[PDB]
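# Residue-level structural notes
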Amino acid sequence: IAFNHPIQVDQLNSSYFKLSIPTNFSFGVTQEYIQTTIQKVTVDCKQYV
Amino acid sequence: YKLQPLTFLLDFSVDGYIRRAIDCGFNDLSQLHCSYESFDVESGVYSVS
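Residues numbered from 1 in each chain as written, not as in the entry; some residues may be left out. Chains lettered and ligands numbered in written order. Part of a larger assembly, values for the part shown. Heavy atoms only, no water. Residues with missing side-chain atoms left out of burial classes, pairs and counts.

This entry lists cryo-EM as its structure determination method and reports a resolution of 4.56 Å.

Set out below in structure tokens:
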């Protein structure tokens, strides 16, 4: 089991607030196919039947 | 005129005496007229045997 690891930040008692700053662009991803339409077909009566 | 068993769409006027009939067997358009059970069918692409 290795799903118990969480990235964390520490709250500050002082009025000033601690924060985490990004430094790397690290671009690149893919997006799921949306399907949009289904194949269109018509059965022919007196042939398939 | 020769007689054969046939499926005929029958249109009846106010009198109820048969005035207009459609022979489903003769012509592709007549088969389409028998479908929808209407003398005139809306324009569309229709499959035939």
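There is more to say, and it comes next.
## A few points about the packing of aromatic side chains
To keep it simple, the criterion reads: Any two rings among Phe, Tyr and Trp, with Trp reduced to its six-membered ring, count as a pair given centres within 6.5 Å; such a pair is stacked if its planes are under 30 degrees apart, edge-to-face if over 60, and tilted if neither. The buried label applies to any residue whose accessible area, calculated with a 1.4 Å probe on protein chains only, is under 20% of its type's maximum; exposed applies above 50%, and partly exposed to all values in between. A helix here means a DSSP run of H or I that spans at least four residues, while a strand means a run of E at least two residues long, and both kinds are numbered starting from the N terminus.
Taken as a whole and judged by the stated rule, the model has two aromatic pairs over all chains. Ring geometry for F25(A) and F27(A): centres 5.7 Å apart, planes at 25°, overall stacked. Given the relative accessible area of 70%, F25(A) is considered exposed. Taking the centre distance of 5.9 Å and the plane angle of 70° together, the rings of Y36(B) and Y46(B) count as edge-to-face. Of the two residues, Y36(B) is situated in the segment after α1 (28–34) and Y46(B) in the segment after α1; the sequence distance between them amounts to ten residues. Overall, the relative accessible area of 30% leaves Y46(B) in the partly exposed class.

## What about the state of the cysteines?
Under the convention used in this document: Two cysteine sulfurs form a disulfide in these notes if their separation is within 2.5 Å.
For the coordinates displayed, the defined rule picks out one disulfide over all chains. Between the sulfur atoms of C24(B) and its disulfide partner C34(B) the distance amounts to 2.0 Å. Taking the torsion about the S-S bond as the criterion, the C24(B) to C34(B) disulfide, at about -110°, is left-handed. Highlighted residues: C24(B) in the loop between β2 (18–23) and α1 and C34(B) in helix α1, separated in sequence by ten residues. Given a relative accessible area of 14%, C24(B) falls into the buried group. Summary of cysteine pairing: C45(A) is not part of a disulfide, and the nearest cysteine sulfur, belonging to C24(B), is at 14 Å.

## Focus on unusual backbone geometry
Notably, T36(A) is not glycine yet its phi reads approximately 65°, a positive angle. Positioned with a positive phi, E37(B) is a non-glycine residue whose angle comes to about 55°. Position of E37(B) among the secondary structure elements: in the segment after α1.

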